[PDB]
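A.B. asks: One structure follows; several queries about it will come next.
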Amino acid sequence: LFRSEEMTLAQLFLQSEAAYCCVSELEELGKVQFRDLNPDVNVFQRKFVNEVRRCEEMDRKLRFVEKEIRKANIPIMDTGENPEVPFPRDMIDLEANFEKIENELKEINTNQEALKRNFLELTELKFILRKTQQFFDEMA
Amino acid sequence: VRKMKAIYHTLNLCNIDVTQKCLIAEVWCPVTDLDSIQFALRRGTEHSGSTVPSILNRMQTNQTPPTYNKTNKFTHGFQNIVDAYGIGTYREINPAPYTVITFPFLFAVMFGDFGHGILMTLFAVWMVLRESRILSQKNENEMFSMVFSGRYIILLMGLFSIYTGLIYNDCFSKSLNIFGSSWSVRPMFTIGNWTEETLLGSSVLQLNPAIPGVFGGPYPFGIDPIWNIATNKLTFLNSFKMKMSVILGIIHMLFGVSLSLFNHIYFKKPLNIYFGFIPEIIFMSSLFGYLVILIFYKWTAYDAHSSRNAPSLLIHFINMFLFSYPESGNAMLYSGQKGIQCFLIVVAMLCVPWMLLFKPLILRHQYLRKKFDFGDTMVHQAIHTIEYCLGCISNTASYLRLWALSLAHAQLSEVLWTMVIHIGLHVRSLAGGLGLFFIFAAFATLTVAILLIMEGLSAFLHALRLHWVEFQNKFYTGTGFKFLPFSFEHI
Amino acid sequence: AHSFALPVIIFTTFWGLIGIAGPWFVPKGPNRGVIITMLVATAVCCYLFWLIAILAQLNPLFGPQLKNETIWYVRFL
Amino acid sequence: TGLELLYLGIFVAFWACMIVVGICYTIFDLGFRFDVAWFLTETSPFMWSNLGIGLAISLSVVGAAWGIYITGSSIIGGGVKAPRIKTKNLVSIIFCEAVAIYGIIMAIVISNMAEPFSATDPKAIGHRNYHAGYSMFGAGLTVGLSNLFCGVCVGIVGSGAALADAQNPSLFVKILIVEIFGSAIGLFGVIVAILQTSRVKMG
Amino acid sequence: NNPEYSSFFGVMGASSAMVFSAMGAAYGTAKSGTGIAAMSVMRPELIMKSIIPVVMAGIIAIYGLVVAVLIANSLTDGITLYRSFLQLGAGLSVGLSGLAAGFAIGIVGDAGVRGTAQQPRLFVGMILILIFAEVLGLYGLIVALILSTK
Amino acid sequence: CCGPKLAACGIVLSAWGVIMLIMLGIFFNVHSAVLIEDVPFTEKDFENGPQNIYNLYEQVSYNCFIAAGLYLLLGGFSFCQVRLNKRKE
């Protein structure tokens with residue numbers, strides 16, 4: 001009601017491995033801004049840079065798969081239990097393996113597309129041949 | 001992967017200590033949710049570790065808090081229209097909830113045509129009744145998304161448009177006669193010797209007769225329908241709308257400035273309260289409340305048979321009392337008015353700008369006696385003072401805008417009626433009504449297109465501008481970071 | 001020719017009730033601030049608009065031009 | 001550039017014809033025929049008054065339009081990379097629009113002093129009327145031209161400041177003074193427009 | 001005493017009120033159509049999203065038409081030469097106001113159409129600027145209406 | 001095609017029409033002095049008396065009722081079409 005809603009700041013103590021679980025739980029709760037404390041990072045001092053790189057690679061793989069699916073005109077209906085659970089570190093490897101199998105299928109599809117390009121060149125040759133069947137009248 | 005990326009981004013923002021394996025993260029959380037935050041630690045102390053607490057850090061250096069005050073139900077739509085500026089500045093925020101109705105977004109009609117208000121209310125009510133399936137189903141277009149976000153404001157603005165049409169007594173530019181109409185003609189002509197104009201009035205005095213004899217008495221609710229079916233409608237409506245303009249704008253801007261007094265007493269600062277805003281209110285009152293009181297006095301202290309020598313003179317005193325009125329004037333010079341005018345000019349124009357000066361230097365002297373950049377402080381104060389003193393007049397003039405929309409909408413409705421419906425209703429009933437379906441459908445399409453939406457959108461944004469230039473640019477100033485929790489916005 | 005004391009009294013009474021009727025709190029549940037501000041603002045604004053219109057209609061300095069050419073028609077009314 | 005050539009040709013031809021007809025009139029001892037007094041007298045003051053009103057509002061509105069478009073194009077161009085400027089800069093736009101307002105209210109005041117005549121001859125009937133008509137036409141021209149020119153200046157300055165805001169957002173407050181100076185210059189124009197028609201009787 | 005050629009001024013007042021507003025609306029429509037055609041080559045879904053500058057030009061033309069219709073309906077044979085100059089002044093004022101409003105509408109509508117093709121978040125802000133254009137033309141209309149009586 | 005948008009527009013326009021022409025017909029039956037300019041007038045009726053004015057008022061009112069009648073007719077037709085389209089699936 002009143003337009004004050006005092007915010008105030010706080011410190012969040014953590015642990016080594018407990019930090020991931022606590023942060024995931026808070027993200028599920030989602031009531032904190034987490035103002036940055038280290039400005040001199042520039043990604044180079046991001047500590048978990050490799051995890052961010054893995055996330056970026058997974059995002060690129062997902063984007064490519066989604067673009068291929070949209071080209072295939074396939075719905076993305078995923079209603080139901082959407083926020084299942086924050087991803088644990090160990091299962092990330094299995095998810096990446098499944099995505100790699102999907103990428104292998106996509107690579108097979110790309111090879112098929114190259115073969116289709118060759119077949120389309122053959123079809124263009126066939127059309128030029130169809131024209132040559134009528135050019136015999138022009139030869140006279 | 002989005003959750004993992006957010007977690008690792010936060011960890012990057014978080015800091016790592018060398019004394020232990022623990023991590024310290026600065027957290028912006030509400031006071032009410034603090035317990036829930038502890039509950040998160042309760043999850044931490046249960047499965048993964050046991051030493052993950054959280055402690056309120058109550059310091060004063062920086063720590064500019066986010067707003068996070070935008071916590072409300074459907075009425076949050078109002079906030080979005082206010083959220084075009086990003087209030088911030090902690091608890092100073094005093095935006096929509098104080099205004100809501102008296103805001104320039106519910107008097108955002110000034111076009112109430114009874115029927116137009118009922119149409120807007122019907123559309124918004126049907127849409128609110130269907131909001132369940134509307135949100136359940138896919139969106140149509142971004143404009144539809146904006147209308148869906150605004151449905152509540154649309155409906156309540158429709159109600160206020162209905163009320164404004166009722167008080168204006170202009171239903172589709174055609175007035176409504178309820179519980180009498182005042183005025184008459186037989187008393188005006190028989191007593192006034194203007195009789196024997198049955199056909200002579202249709203031959204000699206075309207559009208001539210306009211005289212009040214033994215008459216008077218206003219409509220108990222609104223404006224008499226006789227003013228609508230007359231031809232001096234333009235002049236009387238113009239004067240009435242301009243005077244309503246002045247009174248409404250002055251009271252609105254007065255309320256806007258008055259809110260700043262509470263805004264500042266909350267944030268201590270007695271020097272500004274006793275030196276910066278008292279001059280503003282004093283000047284604003286002495287220059288505009290006088291005009292309002294003069295308008296009311298002119299309205300009340302005269303009668304039909306009281307015009308000075310000339311028959312009507314309309315008003316003749318609204319504008320000749322300008323913002324300076326150097327000398328002479330003559331006309332209306334009721335005793336004491338010259339003295340009151342001179343006193344108001346000297347207290348307002350000569351004194352208020354002069355005392356609005358100084359400010360922190362007054363403390364600086366004491367500071368200089370104890371053992372701040374004077375230049376920037378005084379130049380910023382000077383620019384703010386000139387901006388406000390010119391902006392009082394500028395916003396008083398700019399408050400006149402919505403009334404132009406009012407007049408234009410009234411004329412558009414009247415001309416549309418007289419050009420389509422007046423043509424559609426005539427003699428030879430069979431021929432006059434066989435095609436009435438097409439003409440009336442054209443009427444419906446035109447009323448929807450140019451009046452309901454086009455002019456409706458014009459007023460919709462006009463009133464928002466009146467909000468954001470003078471209404472709310474009086475009590476709250478500044479910007480601040482909005483809320484930003486981990487809501488998993490990615491579905 | 002309409003009386004003015006009775007309409008102004010009745011409308012002032014009604015708008016005053018709806019304005020100062022918030023101390024009589026119906027919900028006393030949720031926020032309750034937006035609703036009281038809404039009621040007070042609506043009452044004050046509507047009363048101000050109605051009073052402005054009726055005061056403008058009071059004391060008609062100049063009479064309307066009944067230029068309909070149907071003065072003989074309105075004479076019956 | 002053909003339009004410019006046509007306009008210059010019309011200008012030079014008309015001015016050459018005017019100077020040659022003036023020299024012919026003064027050479028041929030035919031000065032009495034070239035009567036400016038008869039032109040300013042037999043001409044109806046109503047045309048002067050109404051033309052003054054129309055110009056007073058029209059120049060104001062078209063100068064405001066010049067300003068608003070010359071600043072809106074700048075805003076939309078410079079707001080692609082920084083959407084936040086799409087609304088915050090609007091404080092420099094309303095000026096131009098408010099400048100147009102300085103016309104309509106003005107256009108009322110002069111129009112507040114218009115009366116019919118019911119007279120045709122110019123001898124001793126219309127002297128004060130002549131002065132009133134000419135004075136109000138002059139005031140209308142003054143307000144219209146000054147308001148248009150201040151509107152275009154304010155729009156130019158607002159576009160400049162808006163493009164300045166695209167890089168550092170902290171200089172808008174330091175730069176707000178120029179456009180309010182322009183608006184004050186428009187206020188001077190409106191003030192003298194008020195004073196010119198302050199004491200004039202029409203009838 | 002009715003002077004001759006009195007209706008001439010009112011007739012050209014109505015003609016100018018119609019014609020100048022028509023020209024302004026036409027210019028706005030042309031500029032905004034060019035902008036829409038330029039933008040539609042890459043964002044086909046955003047065609048009906050920003051067709052509104054065309055309807056804004058239509059609104060300006062509507063203002064011109066209503067002022068012209070009112071002036072023409074106020075026209076009589078025996079104009080006292082005091083009403084005719086009033087009608088002419090109102091017509092010229094509203095006509096040039098509509099011309100300027102159409103000018104601004106066209107230019108800003110083209111700019112905003114290109115911007116909303118490039119940046120989707122810029123549309124609503126453009127709205128404000130664009131709407132102000134109509135207001136200017138609107139002023140002509142109102143300054144005509146008061147000029148229709150006094 | 002009888003699209004849902006077309007059927008909805010027809011239904012809402014028909015409802016709009018029926019309510020407005022019914023209220024026009026009522027206001028003509030009472031012969032309110034506001035729509036007098038709208039009502040057709042001939043100079044030969046000025047001296048005849050209010051009886052002729054009321055007669056032509058009744059005639060234009062009856063015109064309005066029959067107009068609302070075919071408005072109700074086409075609204076019912078649109079309702080039938082939309083109901084058939086809905087029940088087809």
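To be explicit about the labels: the chains of the structure tokens are called A, B, and onward in the order shown, and within each one the residues are counted from 1, while ligands get numbers from 1 in the order they are shown.
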Using only C-alpha atoms, which chain D residues lie at most 9 Å away from chain B, written as a PyMOL selection string?

C.D. replies: chain D and resi 87-88+90-91+94-95+97-98+101-102+105+109+112+174+176-177+180+184+198-199

A.B. asks: Quick one: residues within 12 Å of residue E:12, only C-alpha atoms counted, chain neighbours fewer than 3 positions away excluded, as a PyMOL selection string?

C.D. replies: chain E and resi 5-9+15-20+68+71-72+75+84-92+95

A.B. asks: Excluding residue A:61 and residues on its chain fewer than 6 positions from it, collect all residues at most 10 Å away from it, counting only C-alpha atoms, and give them as a ChimeraX atom specification.

C.D. replies: /A:55,67,96,99-100,102-103

A.B. asks: Can you write just those residues out, N, CA and C atoms, as a PDB file, in the first residue's frame?

C.D. replies:
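That gives us part_2.pdb:
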```pdb
ATOM      1  N   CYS A  55      28.197 -23.202 -20.979  1.00  0.00           N
ATOM      2  CA  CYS A  55      26.829 -22.719 -21.133  1.00  0.00           C
ATOM      3  C   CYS A  55      26.635 -22.043 -22.484  1.00  0.00           C
ATOM      4  N   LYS A  67      16.620 -23.444 -34.645  1.00  0.00           N
ATOM      5  CA  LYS A  67      16.498 -22.907 -35.997  1.00  0.00           C
ATOM      6  C   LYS A  67      16.176 -24.010 -36.996  1.00  0.00           C
ATOM      7  N   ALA A  96      24.708 -32.752 -22.116  1.00  0.00           N
ATOM      8  CA  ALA A  96      25.584 -32.393 -23.224  1.00  0.00           C
ATOM      9  C   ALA A  96      25.824 -33.572 -24.156  1.00  0.00           C
ATOM     10  N   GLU A  99      22.773 -33.775 -26.289  1.00  0.00           N
ATOM     11  CA  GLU A  99      22.849 -32.703 -27.274  1.00  0.00           C
ATOM     12  C   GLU A  99      23.881 -33.004 -28.354  1.00  0.00           C
ATOM     13  N   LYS A 100      24.967 -33.691 -28.000  1.00  0.00           N
ATOM     14  CA  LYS A 100      25.973 -34.065 -28.989  1.00  0.00           C
ATOM     15  C   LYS A 100      25.435 -35.118 -29.949  1.00  0.00           C
ATOM     16  N   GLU A 102      22.282 -35.287 -30.766  1.00  0.00           N
ATOM     17  CA  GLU A 102      21.421 -34.474 -31.623  1.00  0.00           C
ATOM     18  C   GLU A 102      22.238 -33.729 -32.675  1.00  0.00           C
ATOM     19  N   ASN A 103      23.401 -33.207 -32.287  1.00  0.00           N
ATOM     20  CA  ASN A 103      24.267 -32.508 -33.231  1.00  0.00           C
ATOM     21  C   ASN A 103      24.832 -33.451 -34.285  1.00  0.00           C
TER      22      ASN A 103
END
```

A.B. asks: Show which residues sit within 9 Å of residue A:31, as a PyMOL selection string. Count only C-alpha atoms, and ignore same-chain residues fewer than 6 positions away.

C.D. replies: chain B and resi 28-30+33+37+484-487

A.B. asks: Hey, list the chain E side of the contact with chain B: 9 Å cut-off, only C-alpha atoms, answer as a list in words.

C.D. replies: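 Listing them in order of chain and number gives residues 49, 55, 56, 59, 62, 63, 66, 69, 70, 127, 128, 131, 132, 134, 135, 138, 139, 141, 142, 145, 146, 148, 149 and 150 of chain E.
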
A.B. asks: Grab the residues selected above and save them as a compact mmCIF listing (two decimals), in the first residue's frame with N, CA, C and O atoms.

C.D. replies:
```txt
# COMPACT_ATOMS: atom_id res chain seq x y z
N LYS E 49 1.29 -2.81 -38.06
CA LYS E 49 1.69 -2.30 -36.75
C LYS E 49 1.82 -0.78 -36.78
O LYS E 49 1.38 -0.10 -35.85
N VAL E 55 -3.41 7.09 -41.15
CA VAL E 55 -4.67 7.50 -40.56
C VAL E 55 -4.52 8.86 -39.89
O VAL E 55 -5.50 9.61 -39.76
N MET E 56 -3.31 9.22 -39.46
CA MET E 56 -3.10 10.56 -38.90
C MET E 56 -3.27 11.62 -39.98
O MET E 56 -3.90 12.66 -39.76
N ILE E 59 -6.80 12.02 -40.53
CA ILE E 59 -7.40 12.85 -39.49
C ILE E 59 -7.20 14.33 -39.80
O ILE E 59 -8.11 15.15 -39.60
N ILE E 62 -9.55 15.23 -42.35
CA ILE E 62 -10.88 15.31 -41.76
C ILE E 62 -11.09 16.66 -41.10
O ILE E 62 -12.17 17.25 -41.19
N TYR E 63 -10.07 17.16 -40.40
CA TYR E 63 -10.16 18.50 -39.81
C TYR E 63 -10.38 19.55 -40.89
O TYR E 63 -11.24 20.44 -40.75
N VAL E 66 -14.03 19.22 -42.18
CA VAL E 66 -15.08 19.70 -41.27
C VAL E 66 -15.07 21.22 -41.21
O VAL E 66 -16.13 21.86 -41.20
N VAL E 69 -16.66 22.42 -44.45
CA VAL E 69 -18.10 22.20 -44.48
C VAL E 69 -18.81 23.22 -43.60
O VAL E 69 -19.85 23.77 -43.99
N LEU E 70 -18.27 23.49 -42.41
CA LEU E 70 -18.87 24.50 -41.55
C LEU E 70 -18.88 25.87 -42.22
O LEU E 70 -19.90 26.57 -42.22
N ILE E 127 5.37 7.29 -30.75
CA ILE E 127 3.96 7.62 -30.64
C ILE E 127 3.83 9.04 -30.11
O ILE E 127 3.25 9.90 -30.78
N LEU E 128 4.45 9.30 -28.95
CA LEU E 128 4.30 10.61 -28.33
C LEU E 128 4.67 11.71 -29.31
O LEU E 128 3.85 12.59 -29.62
N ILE E 131 2.16 12.03 -32.05
CA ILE E 131 0.84 12.53 -31.67
C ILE E 131 0.88 14.05 -31.56
O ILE E 131 -0.06 14.74 -31.97
N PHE E 132 2.02 14.59 -31.10
CA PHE E 132 2.13 16.04 -30.97
C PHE E 132 1.89 16.72 -32.30
O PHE E 132 1.25 17.78 -32.35
N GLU E 134 -0.24 15.98 -34.67
CA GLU E 134 -1.67 16.21 -34.88
C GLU E 134 -2.16 17.40 -34.08
O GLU E 134 -2.93 18.22 -34.59
N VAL E 135 -1.66 17.54 -32.85
CA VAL E 135 -2.12 18.62 -31.98
C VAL E 135 -1.97 19.95 -32.69
O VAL E 135 -2.88 20.78 -32.68
N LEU E 138 -4.61 20.35 -35.01
CA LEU E 138 -5.81 20.54 -34.20
C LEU E 138 -5.98 22.00 -33.81
O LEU E 138 -7.10 22.53 -33.84
N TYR E 139 -4.88 22.67 -33.47
CA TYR E 139 -4.99 24.06 -33.03
C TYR E 139 -5.65 24.90 -34.10
O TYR E 139 -6.57 25.67 -33.81
N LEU E 141 -7.90 24.04 -36.22
CA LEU E 141 -9.33 23.81 -36.14
C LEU E 141 -9.96 24.66 -35.05
O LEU E 141 -10.92 25.40 -35.30
N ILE E 142 -9.40 24.61 -33.83
CA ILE E 142 -10.07 25.33 -32.75
C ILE E 142 -9.99 26.83 -33.00
O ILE E 142 -10.97 27.56 -32.79
N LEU E 145 -12.80 27.70 -35.09
CA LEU E 145 -14.14 27.62 -34.52
C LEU E 145 -14.49 28.89 -33.76
O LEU E 145 -15.58 29.45 -33.93
N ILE E 146 -13.57 29.37 -32.92
CA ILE E 146 -13.80 30.64 -32.23
C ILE E 146 -13.92 31.77 -33.24
O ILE E 146 -14.72 32.70 -33.07
N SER E 148 -15.33 31.50 -35.99
CA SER E 148 -16.60 31.36 -36.68
C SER E 148 -17.69 32.24 -36.08
O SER E 148 -18.72 32.46 -36.72
N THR E 149 -17.49 32.73 -34.86
CA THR E 149 -18.46 33.59 -34.19
C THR E 149 -17.92 34.98 -33.90
O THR E 149 -18.55 35.97 -34.28
N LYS E 150 -16.76 35.08 -33.25
CA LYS E 150 -16.20 36.37 -32.88
C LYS E 150 -15.00 36.72 -33.74
O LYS E 150 -13.92 36.16 -33.58
```

A.B. asks: Using only C-alpha atoms, which residues sit within 8 Å of stretch 23-35 of chain C once same-chain residues fewer than 6 positions away are excluded, as a PyMOL selection string?

C.D. replies: (chain A and resi 1-2) or (chain B and resi 97-98)

A.B. asks: Go ahead and write the residues just picked, N, CA, C and O atoms, as an mmCIF file, in the first residue's frame.

C.D. replies:
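Generated file (selection_11.cif):
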```
data_model
loop_
_atom_site.group_PDB
_atom_site.id
_atom_site.type_symbol
_atom_site.label_atom_id
_atom_site.label_comp_id
_atom_site.auth_asym_id
_atom_site.auth_seq_id
_atom_site.Cartn_x
_atom_site.Cartn_y
_atom_site.Cartn_z
ATOM 1 N N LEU A 1 0.827 -1.200 0.000
ATOM 2 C CA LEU A 1 0.000 0.000 0.000
ATOM 3 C C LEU A 1 0.864 1.254 0.000
ATOM 4 O O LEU A 1 0.912 1.986 -0.988
ATOM 5 N N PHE A 2 1.541 1.495 1.120
ATOM 6 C CA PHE A 2 2.424 2.648 1.226
ATOM 7 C C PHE A 2 3.575 2.524 0.237
ATOM 8 O O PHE A 2 4.111 1.435 0.013
ATOM 9 N N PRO B 97 -0.448 5.631 -6.902
ATOM 10 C CA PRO B 97 -1.482 5.350 -5.894
ATOM 11 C C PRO B 97 -2.113 6.596 -5.299
ATOM 12 O O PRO B 97 -3.304 6.591 -4.980
ATOM 13 N N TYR B 98 -1.333 7.665 -5.137
ATOM 14 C CA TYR B 98 -1.919 8.930 -4.707
ATOM 15 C C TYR B 98 -2.867 9.485 -5.763
ATOM 16 O O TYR B 98 -3.926 10.029 -5.432
#
```

A.B. asks: Counting only C-alpha atoms, what is within 12 Å of residue C:60, bar same-chain residues fewer than 5 positions away, as a PyMOL selection string?

C.D. replies: (chain B and resi 182-183+210-219+223-224+227+236+239-240+298-307+312-315) or (chain C and resi 1+54-55)

A.B. asks: When you count only C-alpha atoms, which of these residues is closest to residue D:195: B:93, B:323, B:287, B:425?

C.D. replies: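 Among B:93, B:323, B:287, B:425, it is B:323 that comes nearest to residue D:195.
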
A.B. asks: Would you kindly return, as a list in words, each protein, DNA or RNA residue with an atom no farther than 8 Å from any atom of stretch 193-204 of chain B, considering only C-alpha atoms and excluding same-chain residues fewer than 2 positions away?

C.D. replies: residues 188, 189, 190, 191 and 206 of chain B; 69, 71 and 72 of chain C; 46 and 47 of chain F

A.B. asks: Please check the contacts: residues of chain F at most 8 Å away from chain C, using only C-alpha atoms, listed as an NGL selection string.

C.D. replies: :F and (33 or 37 or 50)

A.B. asks: Include N, CA and C atoms and write out the residues we just selected as a PDB file, in the first residue's frame.

C.D. replies:
```
ATOM      1  N   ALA F  33     -37.629  17.890 -28.488  1.00  0.00           N
ATOM      2  CA  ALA F  33     -37.302  19.116 -29.203  1.00  0.00           C
ATOM      3  C   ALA F  33     -35.820  19.244 -29.528  1.00  0.00           C
ATOM      4  N   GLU F  37     -34.305  19.730 -35.813  1.00  0.00           N
ATOM      5  CA  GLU F  37     -33.545  20.027 -37.026  1.00  0.00           C
ATOM      6  C   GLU F  37     -33.368  18.788 -37.892  1.00  0.00           C
ATOM      7  N   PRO F  50     -49.232  22.091 -34.966  1.00  0.00           N
ATOM      8  CA  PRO F  50     -48.379  20.987 -34.498  1.00  0.00           C
ATOM      9  C   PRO F  50     -48.868  19.612 -34.915  1.00  0.00           C
TER      10      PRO F  50
END
```

A.B. asks: Would you mind listing, for every residue of chain F within 8 Å of chain B, the two atoms forming the shortest contact and the distance between them in Å to one decimal, using only C-alpha atoms, sorted by chain and ascending residue number, as JSON lines?

C.D. replies:
```
{"residue": "F:13", "atom": "CA", "partner": "B:441", "partner_atom": "CA", "distance": 7.3}
{"residue": "F:17", "atom": "CA", "partner": "B:440", "partner_atom": "CA", "distance": 7.5}
{"residue": "F:34", "atom": "CA", "partner": "B:229", "partner_atom": "CA", "distance": 6.2}
{"residue": "F:35", "atom": "CA", "partner": "B:174", "partner_atom": "CA", "distance": 7.8}
{"residue": "F:38", "atom": "CA", "partner": "B:422", "partner_atom": "CA", "distance": 5.1}
{"residue": "F:39", "atom": "CA", "partner": "B:426", "partner_atom": "CA", "distance": 6.6}
{"residue": "F:40", "atom": "CA", "partner": "B:426", "partner_atom": "CA", "distance": 5.3}
{"residue": "F:46", "atom": "CA", "partner": "B:199", "partner_atom": "CA", "distance": 7.7}
{"residue": "F:47", "atom": "CA", "partner": "B:199", "partner_atom": "CA", "distance": 7.8}
{"residue": "F:59", "atom": "CA", "partner": "B:429", "partner_atom": "CA", "distance": 6.8}
{"residue": "F:60", "atom": "CA", "partner": "B:429", "partner_atom": "CA", "distance": 6.3}
{"residue": "F:62", "atom": "CA", "partner": "B:429", "partner_atom": "CA", "distance": 7.8}
{"residue": "F:63", "atom": "CA", "partner": "B:429", "partner_atom": "CA", "distance": 5.2}
{"residue": "F:64", "atom": "CA", "partner": "B:433", "partner_atom": "CA", "distance": 7.0}
{"residue": "F:66", "atom": "CA", "partner": "B:433", "partner_atom": "CA", "distance": 7.5}
{"residue": "F:67", "atom": "CA", "partner": "B:433", "partner_atom": "CA", "distance": 5.7}
{"residue": "F:71", "atom": "CA", "partner": "B:437", "partner_atom": "CA", "distance": 6.9}
```

A.B. asks: Keeping N, CA, C and O atoms, export the residues of the selection given above as a JSON list (two decimals), in the first residue's frame.

C.D. replies:
```
[["chain", "number", "residue", "atom", "x", "y", "z"],
["F", 13, "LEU", "N", -22.35, -5.15, -34.61],
["F", 13, "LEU", "CA", -22.97, -4.06, -35.35],
["F", 13, "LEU", "C", -24.48, -4.16, -35.30],
["F", 13, "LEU", "O", -25.17, -3.14, -35.19],
["F", 17, "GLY", "N", -26.96, -1.44, -33.72],
["F", 17, "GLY", "CA", -28.03, -0.88, -34.51],
["F", 17, "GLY", "C", -29.38, -1.01, -33.84],
["F", 17, "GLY", "O", -30.15, -0.05, -33.79],
["F", 34, "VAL", "N", -35.06, 18.16, -29.46],
["F", 34, "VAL", "CA", -33.64, 18.22, -29.79],
["F", 34, "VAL", "C", -33.38, 17.83, -31.23],
["F", 34, "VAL", "O", -32.60, 18.48, -31.93],
["F", 35, "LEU", "N", -34.03, 16.76, -31.71],
["F", 35, "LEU", "CA", -33.86, 16.29, -33.07],
["F", 35, "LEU", "C", -34.81, 16.96, -34.05],
["F", 35, "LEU", "O", -35.10, 16.40, -35.12],
["F", 38, "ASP", "N", -33.12, 17.63, -37.27],
["F", 38, "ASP", "CA", -32.97, 16.40, -38.03],
["F", 38, "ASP", "C", -34.27, 16.04, -38.74],
["F", 38, "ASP", "O", -34.25, 15.54, -39.88],
["F", 39, "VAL", "N", -35.40, 16.28, -38.09],
["F", 39, "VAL", "CA", -36.71, 15.90, -38.65],
["F", 39, "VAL", "C", -36.97, 16.72, -39.92],
["F", 39, "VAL", "O", -36.76, 17.94, -39.92],
["F", 40, "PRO", "N", -37.40, 16.09, -41.01],
["F", 40, "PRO", "CA", -37.69, 16.85, -42.23],
["F", 40, "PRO", "C", -38.83, 17.84, -42.02],
["F", 40, "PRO", "O", -39.75, 17.61, -41.23],
["F", 46, "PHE", "N", -45.83, 25.09, -41.59],
["F", 46, "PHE", "CA", -45.56, 26.05, -40.52],
["F", 46, "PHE", "C", -46.85, 26.63, -39.95],
["F", 46, "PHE", "O", -46.97, 26.80, -38.73],
["F", 47, "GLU", "N", -47.81, 26.95, -40.81],
["F", 47, "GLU", "CA", -49.07, 27.52, -40.36],
["F", 47, "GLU", "C", -50.14, 26.46, -40.09],
["F", 47, "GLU", "O", -51.18, 26.79, -39.50],
["F", 59, "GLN", "N", -44.40, 9.33, -38.73],
["F", 59, "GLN", "CA", -43.96, 8.66, -39.96],
["F", 59, "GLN", "C", -42.47, 8.34, -39.91],
["F", 59, "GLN", "O", -42.06, 7.21, -40.22],
["F", 60, "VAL", "N", -41.65, 9.30, -39.50],
["F", 60, "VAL", "CA", -40.21, 9.04, -39.42],
["F", 60, "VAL", "C", -39.91, 8.05, -38.30],
["F", 60, "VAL", "O", -38.98, 7.23, -38.41],
["F", 62, "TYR", "N", -41.89, 5.49, -37.43],
["F", 62, "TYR", "CA", -42.21, 4.19, -38.02],
["F", 62, "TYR", "C", -41.13, 3.75, -38.99],
["F", 62, "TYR", "O", -40.78, 2.56, -39.05],
["F", 63, "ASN", "N", -40.58, 4.69, -39.76],
["F", 63, "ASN", "CA", -39.40, 4.40, -40.56],
["F", 63, "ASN", "C", -38.28, 3.84, -39.70],
["F", 63, "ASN", "O", -37.62, 2.86, -40.07],
["F", 64, "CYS", "N", -38.04, 4.45, -38.54],
["F", 64, "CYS", "CA", -36.97, 3.98, -37.67],
["F", 64, "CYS", "C", -37.25, 2.58, -37.13],
["F", 64, "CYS", "O", -36.34, 1.75, -37.04],
["F", 66, "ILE", "N", -39.05, 0.19, -38.62],
["F", 66, "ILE", "CA", -38.84, -0.82, -39.66],
["F", 66, "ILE", "C", -37.35, -0.99, -39.95],
["F", 66, "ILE", "O", -36.88, -2.11, -40.22],
["F", 67, "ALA", "N", -36.58, 0.10, -39.88],
["F", 67, "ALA", "CA", -35.13, -0.01, -40.02],
["F", 67, "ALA", "C", -34.54, -0.93, -38.96],
["F", 67, "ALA", "O", -33.76, -1.84, -39.26],
["F", 71, "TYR", "N", -32.63, -4.58, -39.19],
["F", 71, "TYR", "CA", -31.40, -4.74, -38.43],
["F", 71, "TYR", "C", -31.45, -6.00, -37.56],
["F", 71, "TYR", "O", -30.50, -6.78, -37.52]]
```

A.B. asks: With only C-alpha atoms considered, list every residue of chain E at most 8 Å from chain D, as number ranges by chain.

C.D. replies: E: 1, 81-82, 85-86, 88-90, 92-94, 96-97, 100-101, 103-105, 107-108, 111-112, 115, 118-119, 121-122, 125-126, 129, 132-133, 136-137, 139-140, 143, 146-147, 150

A.B. asks: Mind checking DSSP for stretch 18-54 of chain C and telling me the helix (DSSP H, G or I) residues as a list in words?

C.D. replies: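 Here are the helix (DSSP H, G or I) residues of stretch 18-54 of chain C: residues 18, 19, 33, 34, 35, 36, 37, 38, 39, 40, 41, 42, 43, 44, 45, 46, 47, 48, 49, 50, 51, 52, 53 and 54 of chain C.
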